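Here is the structure we will look at, set down as structure tokens.
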Amino acid sequence: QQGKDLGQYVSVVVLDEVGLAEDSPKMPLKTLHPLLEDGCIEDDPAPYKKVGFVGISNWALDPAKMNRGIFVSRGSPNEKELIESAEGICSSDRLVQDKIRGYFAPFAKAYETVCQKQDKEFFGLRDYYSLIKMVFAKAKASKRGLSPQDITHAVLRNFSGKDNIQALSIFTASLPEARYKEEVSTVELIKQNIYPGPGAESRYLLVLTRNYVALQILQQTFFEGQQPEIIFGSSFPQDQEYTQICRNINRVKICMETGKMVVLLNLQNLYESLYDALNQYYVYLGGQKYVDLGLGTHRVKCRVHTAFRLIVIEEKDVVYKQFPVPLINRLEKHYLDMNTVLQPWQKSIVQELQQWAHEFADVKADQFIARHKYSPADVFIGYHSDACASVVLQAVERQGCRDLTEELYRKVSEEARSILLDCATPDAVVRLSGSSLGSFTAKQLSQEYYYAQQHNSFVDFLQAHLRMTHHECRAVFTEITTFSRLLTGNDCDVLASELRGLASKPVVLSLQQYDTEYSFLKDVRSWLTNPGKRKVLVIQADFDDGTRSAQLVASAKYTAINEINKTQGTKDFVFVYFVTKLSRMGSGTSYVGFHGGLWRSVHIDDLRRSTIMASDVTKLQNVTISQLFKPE
Amino acid sequence: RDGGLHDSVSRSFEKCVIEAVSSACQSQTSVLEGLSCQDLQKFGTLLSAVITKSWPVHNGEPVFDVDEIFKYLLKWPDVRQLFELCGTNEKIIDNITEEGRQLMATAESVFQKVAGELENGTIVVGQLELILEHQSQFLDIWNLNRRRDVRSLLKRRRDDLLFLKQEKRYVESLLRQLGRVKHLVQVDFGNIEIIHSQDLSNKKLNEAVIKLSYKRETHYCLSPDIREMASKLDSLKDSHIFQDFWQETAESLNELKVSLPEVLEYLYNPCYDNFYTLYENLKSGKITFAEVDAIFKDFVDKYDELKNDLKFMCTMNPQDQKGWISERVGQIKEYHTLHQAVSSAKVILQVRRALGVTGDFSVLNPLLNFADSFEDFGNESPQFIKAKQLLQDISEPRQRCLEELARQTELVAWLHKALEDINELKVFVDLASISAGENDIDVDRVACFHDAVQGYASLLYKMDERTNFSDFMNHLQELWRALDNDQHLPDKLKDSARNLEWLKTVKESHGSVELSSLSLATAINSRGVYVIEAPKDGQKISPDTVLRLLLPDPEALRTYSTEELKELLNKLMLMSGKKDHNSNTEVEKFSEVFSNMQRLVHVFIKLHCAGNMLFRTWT
């Protein structure tokens, strides 16, 4: 404000949540009384120091600071004010307005019933307003009145997420015509948020999750072609939190002006920098919409592309305990764990697959003097408690047709068993003849472990994998578990010697050597900018060392996937191989794998091709040792 | 074959067939369809498997609830083959299971109780909806429990159901028509609103459908005249004209608790009389143009909905609709085109007034002479048709385009003063990109101005001072082609037009003393020096008083603290990306050098607070 005409220009301080700073122990609003007098502490009053002041708040304030100014307060809009706000939304088209004018009063009474019946303040005014906006949009689009399908989708998109609230029960107790009977999945509601069909813009998503498993589902199912740009709390050591917040806001800003999706795994670090973008309140210039993004005290209007969607993925418990009530009221809650997306026959395949895995593991052979019982976590590496819902959802997404047939059911079962067998150790495949599954199924599982699958070496797996025709895939992400040593650099030269006609000098990155995310990106961009078709990336972590390279894995995966999606051209194919080294002494069992999403899980026991032995232990298994020494 | 109770391979085969039946029941495929299984023991095991495994289990194997068992009977198609091959041969039920026959007994008890509430009308009406949407399966199970009339009973119950549904629909339309006027008046719905608020898990004989012929129902209407009021509101609730008449009649009445049967003659009959009066006016078309633009003001640019609305008016008086609708639709449409031609001619006279193009047009004189003329007839103005031939497809869109030339006189004054042709724009744009800011609004002003003047360059650069109508329209056609690839062109013209202060001071700008954040980042990345010292004063060892940045440039230098470099980093992360990667690598270099320096400050303060005496005086 200094050095300017104070009759043609004013600067206004806007404090945005002064109700939160109210009974704070640091007492920041105690400063507020001498700053509204003359705008200076321990200084003389002057021009250009008295500034305008607006304080917006959602939590209450005491008027002992607001005797200094004018205080406006509202409790809650009552029922006629809700109907007036609904007509104020619908005022842009009067035909549709007095088409759907019959629904403004049952929706208002039903929303008041929801606001009484809910326990914690979860559903708010923007839910009701977005209900009116969705209903108005659909009745403009149809010009037919309103189907009960439209009303049940608008209610069920805008009032969901909370478990002990039956939304359709309340909103169709009032009006009895829209008793839509066939079920509406959370899948299709989330999909019609993420992919709309063309100021009528929906809110963004808050996908609430049990045990982080929703991003796996959204990557397996919804993300058609264009992967979003996952914006995440990088767990590389020696990263500064401040520069990561700055770079995350830079990536949100670029994705806003581009028109591509983001997925926010850390909203609580970014909410202060994004709260005006989530409010969906744009300013226009030439038909371009502009929203306020901030960093620290620096707020600027940034361009929002007309097709930009945002998903916040968050745990349900964290949303219910953390996540301030204004932030929940902007983000169109839906819940997505695994019992959501699995239809009940797929849950039967999950149960049958768990029994099959326990029968694969449990062998009855006391011909050797020992005593050890085999968990399926010892046998299938990466197996954990869930671990079969993941496998069944991978198999279903491999099928494609998805009508329950008994010819579909059989191949979902057999693909799920193939996915499990692809992470089994070969000694368990040898033990498999002493198992409850029978010698015939034991034989056919050994057949399609040594002839249909490729577990011999890492270079055999590459040679049968690079020759595959991966349809609609620019990048292929495979996680590999091993008990042999990691590749050293001579092994990379030998590996590139065998891959001369197929690959483009595979680059082996070792994950223990990267302090910062930037140096990891420096090597990933170094690999990506080199010319060639079918270039290969190998990222290596050993879990059994003094390095803590076990929580760098998700950061490395997300970082590589984001840089590949924003950096790869159109000609080249990209092959990423995360190699993880474990041990028989305990880490092969404690390991949690079958990370779904876009990562295919493979256990290759010995990464190196062996000159000594035959690469099929069945041929070693029918002979005895003396027959190994028979001459010509 | 079978080998008795002791043959263990037959016990394994029976356990495997039970697992195959359970697998074919977790999938919704049919187990038994054409199974010649003449050995009755193994056929009984198949039937016991399909009963026990296809049963609706939820949190417990038996179901102590009748309706889910009845939905199971109606929906699952192995139930009818089950009851058929159970009943047509009496030698099969004897060897099912104790438990399988318990579930069979529960199945026939549920079907007998529900379908025993069906000869009498005591059925809960949800189950009636169920059996009517599941007719063929219900008929087959009814035949198998009758062989151990129906179809006339189903048609009778069907027609009583349809009558109840349309009466509930009539009461719904009545409630919503009287609910559109809740802030005007209020009506007491007898006791119909509490009956209509009930769920339909109600028994069907509670809808009172008795005689002594006529179907009286639990929506007990005070008269059949209120019932036909509800029917004609339900047929006219989807007519916007009737909603206008309803609203103005409800406004004509003026804490007013009004009984229902006086609403019929207070509010429904005069509204219906005025509505039928307008209908019979539109029959022979003796309505005036004053009532046309007083009623149909919402129906401009929209003529499928007016087609449907006139069909809804025609369904009022039940006769034919052959030549009444389309002539009036076209006539109101032509009146709308005449009035949009009036507004278009007014704004086109405004644009030749503000643009300065005097010329002479000599073609839109009677069409403005008619705007002061007021005539009252419903006939086709024919001499204006040829006048409409020179304003055929301008639009009710695109007219803001001309109007945006009409209001921005100061903009076209400045553009004729300071641009003079198309080819100076490309230096001015390149001179404005320097003078605009760094953020995303400020940079896009240049592209707004560029796109706006290249869209309106067909008029504000090239129009001669004297023109006829012909070249004026023949270059407005090029204006509309230059519009159809950018619909936001009036927005760009108005947005640049309210940026004329900046657009004037583009070329009169002095050397601005301001460091853009990209230029300051390049200066720091090329000649800046970071300094760590742990200051020698009585200050603390916070990271804001340990790090400095020295920027040498007339040999002065500038000292940036840590928070000023953070402020620069924020401004630099949020600035508009110039789509070049030298800027990206300067921003990324500054970011990474600052991150590494801040990590060094962190380790330095840790060594200082640990108490080290080696890095006590380190710089």
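Residue numbers (PDB author numbering), protein chains in the order written: chain B, 2790 to 2987, 2996 to 3429; chain W, 956 to 1103, 1112 to 1175, 1180 to 1221, 1229 to 1354, 1360 to 1532, 1537 to 1602.
The beta-carbon is built from N, C-alpha and C at its ideal position, and this holds for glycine as well.
With a cutoff of 8 Å on beta-carbon distance, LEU3299 of chain B and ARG3271 of chain B are scored as not near each other. Within chain W, the residues placing a beta-carbon under 9 Å from that of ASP2887 of chain B are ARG1143, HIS1207, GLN1210, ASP1211, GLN1214, ordered along the chain. In its chain, beyond the 5 residues on either side, no residue has a beta carbon closer than 7 Å to the beta carbon of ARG3168 of chain B. Its chain contains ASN1504 as the residues whose beta carbon lies nearer than 6 Å to that of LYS1572 of chain W, once the 5 sequence neighbours on both sides are disregarded; these appear in chain order. As the crow flies, the alpha-carbon of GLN3140 of chain B is around 26 Å from that of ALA3174 of chain B.
For the C-beta of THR3040 of chain B, the chain W residues within less than 7 Å are, from N- to C-terminus, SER1574, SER1578.
Pairing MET3135 of chain B with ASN1014 of chain W, the inter-Cα distance amounts to about 19 Å.
Shown here for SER1574 of chain W: same chain residues with a beta carbon closer than 7 Å to its own, the five before and five after excluded, namely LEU1552 in chain order.
Judged by their CB atoms, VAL3304 of chain B and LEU3334 of chain B are nearer to each other than the 8 Å cut-off. The Cβ of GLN3035 of chain B sits closer than 8 Å to at least one Cβ of chain W.
Sixteen is the threshold: when 16 or more other Cβ atoms of the shown chains lie within 10 Å of the Cβ of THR1311 of chain W, as they do, the residue is buried. With respect to the 8 Å criterion, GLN983 of chain W and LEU3308 of chain B are not classified as neighbours on the basis of their beta carbons.
Across the region 3091 to 3110 of chain B, CB contacts with chain W closer than 9 Å involve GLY3091, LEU3092, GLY3093, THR3094, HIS3095, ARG3096, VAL3097, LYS3098, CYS3099, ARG3100, in sequence order along the chain.
Counting the other Cβ atoms within 10 Å of the Cβ of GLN3016 of chain B gives 16 or more, which makes it buried. Contact between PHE3020 of chain B and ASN3063 of chain B fails: their C-beta atoms lie close to 19 Å from each other, not under 8 Å. In the three-state reduction of the DSSP assignment, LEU3349 of chain B falls in the coil class, being assigned neither a helical nor a strand state. For the region 2869 to 2896 of chain B, the residues whose beta carbon sits under 7 Å from a beta carbon of chain W are, in order, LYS2869, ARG2883, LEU2884, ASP2887, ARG2890, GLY2891, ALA2894. Cβ-Cβ distances below 7 Å link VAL2801 of chain B to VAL2840, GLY2841, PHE2842, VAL2843 in the same chain, with the five nearest sequence neighbours on each side left out; the list follows chain order.
Contact of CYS3289 of chain B with chain W is not assigned, every C-beta pair being separated by 8 Å or more. Secondary structure at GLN1324 of chain W: helix, using DSSP grouped into helix, strand and coil.
Nearest neighbour of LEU1168 of chain W by Cα position, chosen from W:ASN1075, W:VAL1337, W:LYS1367, W:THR1052, turns out to be W:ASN1075. The Cβ-Cβ distance between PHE2925 of chain B and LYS2951 of chain B does not fall below 8 Å. By the Cβ rule, the region 3376 to 3395 of chain B does not count as touching the region 3289 to 3298 of chain B, because fewer than three pairs are nearer than 8 Å. In the structure shown, the three-state DSSP call for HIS1313 of chain W is helix. In this chain, the beta strand (DSSP E) harbouring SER3398 of chain B covers 3396 to 3400. Within chain W, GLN981, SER982 have C-beta atoms less than 7 Å from the C-beta of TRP3142 of chain B, given in sequence order. Counting C-beta atoms within 10 angstroms of its own C-beta, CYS1041 of chain W has 16 or more neighbours from the protein chains shown and is therefore classed as buried. Residues of chain W with a Cβ closer than 7 Å to the Cβ of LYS2932 of chain B are, in chain order, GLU1279. Take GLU2966 of chain B, set aside five residues on each side of it, and the residues of its chain with a beta-carbon closer than 8 Å to its own are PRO2937, in chain order. Within the model, the alpha-carbon separation for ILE1269 of chain W versus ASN1282 of chain W is close to 16 Å. By the rule that beta-carbons nearer than 8 Å mark a contact, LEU3071 of chain B does not touch chain W. Between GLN3241 of chain B and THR3222 of chain B, the alpha-carbon positions lie close to 16 Å from each other. Around the Cβ of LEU3404 of chain B, a 10 Å sphere holds 16 or more other Cβ atoms; the residue is buried. Approximately 7 Å separates the beta-carbon atoms of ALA1004 of chain W and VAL972 of chain W; this is inside 8 Å, confirming the contact. Using a Cβ-Cβ cut-off of 7 Å, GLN1581 of chain W is close to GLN3037 of chain B, given in chain order. When secondary structure is reduced to three states using DSSP, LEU3218 of chain B falls in the helix class.
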